Amino acid sequence: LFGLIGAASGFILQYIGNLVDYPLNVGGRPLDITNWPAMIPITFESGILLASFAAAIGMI
Amino acid sequence: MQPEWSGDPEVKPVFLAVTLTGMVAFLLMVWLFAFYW
Amino acid sequence: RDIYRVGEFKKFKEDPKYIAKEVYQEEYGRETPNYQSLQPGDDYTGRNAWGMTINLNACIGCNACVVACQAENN
Amino acid sequence: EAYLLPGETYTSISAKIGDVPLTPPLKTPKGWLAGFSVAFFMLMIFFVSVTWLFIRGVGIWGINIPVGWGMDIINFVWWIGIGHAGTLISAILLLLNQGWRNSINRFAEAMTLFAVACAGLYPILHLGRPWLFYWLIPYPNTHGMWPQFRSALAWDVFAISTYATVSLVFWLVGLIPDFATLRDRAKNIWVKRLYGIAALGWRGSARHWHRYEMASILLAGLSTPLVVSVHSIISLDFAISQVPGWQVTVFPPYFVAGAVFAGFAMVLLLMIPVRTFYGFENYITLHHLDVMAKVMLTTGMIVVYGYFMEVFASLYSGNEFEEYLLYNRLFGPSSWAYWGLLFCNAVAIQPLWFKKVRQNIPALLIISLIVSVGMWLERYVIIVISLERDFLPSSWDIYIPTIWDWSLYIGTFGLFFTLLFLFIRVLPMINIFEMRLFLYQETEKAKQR
Amino acid sequence: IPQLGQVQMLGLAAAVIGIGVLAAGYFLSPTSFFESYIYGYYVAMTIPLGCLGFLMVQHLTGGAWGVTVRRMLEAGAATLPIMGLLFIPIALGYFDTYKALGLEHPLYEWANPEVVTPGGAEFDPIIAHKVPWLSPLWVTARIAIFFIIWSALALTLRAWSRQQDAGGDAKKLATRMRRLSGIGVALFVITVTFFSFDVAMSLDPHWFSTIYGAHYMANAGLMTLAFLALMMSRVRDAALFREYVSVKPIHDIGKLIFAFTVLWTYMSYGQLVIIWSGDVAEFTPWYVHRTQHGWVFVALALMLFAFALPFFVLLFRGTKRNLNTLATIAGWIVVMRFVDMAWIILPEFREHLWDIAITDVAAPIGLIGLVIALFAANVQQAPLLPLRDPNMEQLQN
Ligand SMILES: CCCCCCCCCCCCCCC(=O)OC(COC(=O)CCCCCCCCCCCC(C)C)COC(=O)CCCCCCCCCCCC(C)C
Ligand SMILES: CCCCCCCCCCCCCCC(=O)OC[C@H](COP(=O)(O)OCCN)OC(=O)CCCCCCCCCCCCCC
Ligand SMILES: CCCCCCCCCCCCCCCC(=O)OC[C@H](COP(=O)(O)OCCN)OC(=O)CCCCCCCCCCCCC
Ligand code: SF4
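The structure reproduced in this document is the subject of the present report. (Residues numbered from 1 in each chain as written, not as in the entry; some residues may be left out. Chains lettered and ligands numbered in written order. Part of a larger assembly, values for the part shown. Heavy atoms only, no water.)

Check the secondary structure of chain D and you find 17 helices and 0 strands. For 449 residues, the compact-globule estimate of 2.2 N^0.38 gives 22 Å, and chain D sits close to it at 23 Å. Over its C-alpha atoms, taken along the principal directions, chain D stretches across nearly 70 × 60 × 40 Å. Here chain D, with 449 residues, has 57% of them falling under the buried criterion. A fraction of 82% describes how many contacts in chain D between residues 6 or more apart in sequence connect residues 24 or more apart. About 18,600 Å² of surface is accessible on chain D, with carbon and sulfur atoms providing 72% of the total. With 29 positive and 24 negative side-chain charges, chain D shows a spacing of 15 Å between the two charge centroids. (Helix = DSSP H or I, 4+ residues; strand = E, 2+ residues; numbered from the N terminus. Rg over C-alpha atoms; globule rule 2.2 N^0.38 Å. Buried < 20%, exposed > 50% of the residue type's maximum accessible area, 1.4 Å probe, protein only. Contact = heavy atoms within 4.5 Å. Areas by Shrake-Rupley, 256 points an atom, 1.4 Å probe, with all protein chains shown as cover. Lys, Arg positive; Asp, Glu negative; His and termini not counted. Charge placed at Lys NZ, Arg CZ, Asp CG, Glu CD.)

Once that is clear, we can look at a positive patch on the surface. Where like charges cluster on the molecular surface, the positive patch consists of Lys355(D), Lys356(D), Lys171(E), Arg176(E), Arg178(E) and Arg179(E). Among the secondary structure elements, those contributing two or more residues to the positive patch are α14 (355-359) of chain D together with α9 (174-199) of chain E. When residues of the positive patch are assigned to their parent elements, the largest contribution, 3 residues, is made by α9(E). Tracing the backbone shows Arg179(E) in helix α9. (Patch = residues over 30% accessible without salt bridge, like charges linked within 9 Å, V, L, I, M, F, W, Y side chains within 5 Å. Salt bridge = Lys/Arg side-chain N within 4 Å of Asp/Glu carboxyl O.)

This paragraph deals with the environment of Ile345(E). Residues and elements named next belong to chain E. For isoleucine 345, the position within the fold is in helix α14 (residues 323-349). The class for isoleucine 345 is buried, based on a relative accessible area of 2%. Distance in space between the C-alpha atoms of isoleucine 345 and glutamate 35 is 9.4 Å, their sequence separation being 310 residues. Beyond its immediate sequence surroundings of up to four residues, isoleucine 345 is in contact with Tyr39, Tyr42, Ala200, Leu203 and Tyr212.

A few words now on the interface of chain E and chain A. In this complex, chain E contributes 6 residues to the contact, which on the side of chain A involves 10 residues. If you sort the residues of chain E by the area they bury against chain A, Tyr269(E), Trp276(E) and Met303(E) come out on top, with a joint share of 69%. Run the count over chain E and chain A and you get 0 salt bridges. At the junction of chain E and chain A, the tally comes to 1 residue pair in polar contact. Listing elements by their share of the side of chain E that touches chain A, those giving two or more residues are α11 (247-277) and α13 (295-313) of chain E. (Buried area = accessible area lost by both parts, 1.4 Å probe. Polar contact = N/O pair within 3.5 Å; in protein donor to acceptor, adjacent residues only side chain to side chain.)

Moving on to the arrangement of the chains. Of all 7 pairs of chains sharing an interface, the pair with the highest contact count is chains D and E. The two units chain A and chain B never meet; even their closest C-alpha atoms stay 10 Å apart. Regarding chain B and chain E, the two do not touch, and the least distance separating their C-alpha atoms is 17 Å.

Around ligand 2 lies a shell of 14 residues, among which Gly62(E), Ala64(E), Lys248(E), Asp252(E) and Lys255(E) are the nearest. Flanking ligand 2 are residues from chains D and E. Here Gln98(D) contributes a side-chain N or O atom positioned 3.4 Å from an oxygen atom of ligand 2. At a separation of 3.3 Å, an oxygen atom of ligand 2 approaches a polar backbone atom of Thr61(E). Here ligand 2 has 1,100 Å² of accessible area as a free molecule, and 73% of this is covered by the chains. Elements with a contribution of two residues or more to the shell around ligand 2: α4 (84-96) of chain D together with α3 (64-78) and α11 of chain E. Per-element tally for the shell around ligand 2: the top contributor is α11(E), with 4 residues. Taken together, the residues of the shell around ligand 2 sort by class into 6 nonpolar, 5 polar and 3 charged. (Near = heavy atom within 4 Å. Nonpolar A, V, L, I, M, F, W, Y, C, P; charged D, E, K, R; others polar.)

Take the nonpolar core next. Judged by nonpolar contacts, the single largest core of 281 residues is most densely connected at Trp79(D) and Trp150(E). Here this core takes 17 residues from helix α2 (residues 30-60) of chain E, the largest share from any one element. Discounting chain neighbours no more than four positions away, the residues touching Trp79(D) are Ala115(D), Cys118(D), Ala119(D), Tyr122(D), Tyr409(D), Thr412(D), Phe413(D) and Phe416(D). Residues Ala55(A), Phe170(D), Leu219(D) and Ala220(D) belong to the second largest nonpolar core, which totals 6 residues. (Core = buried A, V, L, I, M, F, W, Y, C linked by side-chain atoms within 4.5 Å.)

Turning next to the interface of chain D and chain E. Frequently, the measure chosen for interface size is the accessible area removed from exposure when the parts meet. Contacts between the two partners involve 30 residues from chain D, matched on the other side by 38 residues from chain E. Across the chain D/chain E interface, buried area totals approximately 2,700 Å², and carbon plus sulfur atoms make up 68% of it. Sorting the residues of chain D by area buried against chain E places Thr249(D), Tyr305(D) and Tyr316(D) first, and these three jointly supply 28% of that buried surface. Seen at the junction of chain D and chain E, the total is 0 salt bridges. Our count for the contact surface shared by chain D and chain E stands at 10 residue pairs in polar contact. Listed by contribution, the elements that provide at least two residues to the side of chain D that touches chain E are α9 (209-240), α10 (251-277), α11 (286-316) and α12 (320-331) of chain D. Broken down by class, the residue content of the side of chain D that touches chain E amounts to 19 nonpolar, 9 polar and 2 charged.

Below, the structure is given as structure tokens:
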């Protein structure tokens, strides 16, 4: 549950931050869902982080 | 396997307290960072 | 490396694009390089767009421009 | 060869490993004092270097306009790559059910935490305006500005921070049963209640072990993708750039293989003295050293394969820039790094193939030191040589390191060893449980023959 | 064993039907048959190369899963010499056998004389630059050398395992196989990477990827592991697979399949991000070809069906412990591997998704049917789960 929540939170964070709140042309990269590369690593890291905290705290 | 605390009067109250704490914190943070200006 | 392009005037009169048509024949085997991009960019079709052209034939390497930039941009 | 020498008892494992910490302060061995004094002196060098870096700026290093990334990034990559081997031992071997991780998981994971601590300073130290490090992290501000999230340094911030937190929580979860043994054997009321709060009343029992084992497997499962992703991201920053040496598709896996290879050499270099100085010969056998050497050889061959792929790419393409990259690596002003790289990580690993060389303890120590130097040279070749010469010949310059970046490097070594010495003084080097459980598993195997 | 014979018969039927439709396609167009054959050979080669790699890796690292599938891996590896004979038609295409058999132009661009010769009508310089390395004689010699290395390693290891049954298995033979496996793994990785570069990366000489070949090894590993799971369901009852097996080997193979699926996705994403983020004209065309004329839909299908659906399904302790559920996922993964390789090889020739010919589907089914028939013929030569083995104790836990 928390891993999926973290992955979704990371993806939504990147989307809202860089494609909705402040739209900033950087290097001509797309401002749409076609910018899905360069968005994966933050999603993965957030999912792993929240999953690990959930595992440890839930065990305790 | 049941949780260690299963069958306790205090379980619902503690869960409630944690949720209320969380909501209060969230609203206050939201206000300071979004609406206080 | 293709940093500076030099061509004769008589050939230039017959074809202005001869210098650009050449080089690409040595490098890719074709007159025009078919560069392909995975990144969209921005249209810029109806807005002011700022660009600079520097003429190699005109430049004498005086270095006046370098001093002018230092005074203007601190 | 066996991974556990016979004649061990659950009480003996508790007493032997338990005795190292909990010894009275005035009874600390003199070797510990000497090592700690050396580490503290190097830490003072670190403090002086950081202070002068903050006062004067990043201009005290050897970095210049073409080479904007100098030995700071090289040392950052080196330190972060040291911590892959311990994470491997702690997590992947747990998933693989390998039985030689029991005696070396605690020390290796401590090395990972301390190496990540050392390597986390470089992103802030090299920053040029170091006090503005928080800008990379998403944070509520009145400006409304955000990190780009498409650069690879934004990914680095999430990878290193996640890696440090997950490693710390996993290490603490492993220590909770060990803390319970220490509080029981502390023998002092004040020493007790310090281990006891950390133990959190562990009271090891069924229905606590069942959840503990499942959580450890899940954490080990999450960590294995995490460590590969961390090193792959520390490789993506070079790969994302259009610099000719930097943009190589094989960079992510090759970097992961390089990190395990460098880390295993460091673990062999430090584990062998700890095994000889204390009576840990029974817990860490020659078979442990032999298997670790084989893993180091296996990852070293992948690094050599990465070199072969890079050379084949240079010869395959018709680009002038790849050819000049190869020429500058081989016959350039910095060819010494490439030649030392070819000697250290290809020629030195070849003796490891023979069983006799792996068995010999002196041979392992010499090869491990050569591998550690060679990996530093590999990072130097990848970064500095590629940055020195580029597309425009007019923008070509040489990188010459100063004394201050070297001072930072020795200072980071001192900080690392200080943290290791405090760890071995206060906490147990070998997991007390999972070693008596290993004895239980070995006795059961003997019964079923 | 009767189930094994049924599998062999089904593989033979798939082979004859596939070759027969491929022959009909050849009659209408020889060029279409040859392009389809190259894709079919590349997808078929994965099961034997994967079987050899796993067999050597399991000898290096002893495991309950390794003892359970050791005989099956040996049988799949043993088919490698026949696979070398199957390469001969591809060699004819890039040699002077062109201008005959109906081929208008040589199968490979480097083979064509005008492209690699100065003063040639096309004379592409980049292809001409690699002419000594990319020449018909050199390519054939390297592929033949790789076949000799693969055949020697596979046959020698199988012979030592058969000898293990007769005698001296306590430390002898097992140590010898482990030593041959350790030197072999390094030789196998180098040979497979170069074989992948010559057979597939050389189709477009303008583009090169360093990670390529490592990605093929991950693709081969997933295909072989999925194939092993399908076979295990068929041989679940075989007497030696009744008193000597437990849920633990099946669970370990399921974990390995999950790890290989994530590893393949990581290698594919890693290549994509490096090429996409570094927008250099030299590496951009390969992605442009695979995202145009409907190829984007195949890429999206691989992202969703090939990666997300298996990752979520195999995220549970059940569905890896249960053989039937592991088999259904394993059949789906094999179909996805066929789609993934079609996306990797077909865009070089088809240029459009709707242009795919029946021969493109026919060549993989026919060649893999031959592979399955040979595998089932070989596996019945010797008993499964060699009883005489110092690792037989891992099966008894
Ligand atoms: C290109 C991106 C790659 C993404 C990699 C994704 C794979 C990594 C998954 C982590 C391990 C989960 C093990 C679960 C478990 O403990 O399974 C047990 C059975 O127990 C159960 O019944 C269920 C347990 C609950 C699992 C929930 C996990 C949370 C959801 C994941 C969130 C991910 C993040 C990114 C949002 C038995 O199974 C095992 O333990 C087997 C472990 C095998 C390790 C796999 C190693 C991955 C290798 C590929 C990694 C590639 C790199 C690029 C990251
Ligand atoms: C280092 C980074 C990446 C790792 C990639 C591999 C994924 C590892 C995690 C999956 C584990 C699978 C479940 C456990 C299992 O089945 O293996 C355990 C096996 C047998 O152990 P016994 O139960 O019999 O107990 C014996 C001792 N009591 O142990 C093994 O022998 C390990 C199996 C072989 C590992 C294969 C991985 C090879 C990696 C190839 C990398 C290719 C790179 C290409 C660029
Ligand atoms: C597509 C086909 C597959 C091809 C795969 C090619 C790549 C395979 C790489 C495998 C490397 C293995 C190195 C050798 C490790 C070793 O020596 O094995 C030791 C052990 C323990 O077994 P014991 O007690 O000594 O004896 C067993 C018999 N009784 O087995 C292990 O494998 C665990 C050791 C740790 C594994 C190290 C390798 C990790 C590689 C990481 C880098 C990957 C790069 C991407
Ligand atoms: S100012 Fe002098 S140096 Fe500058 S562009 Fe003009 S001629 Fe050249």
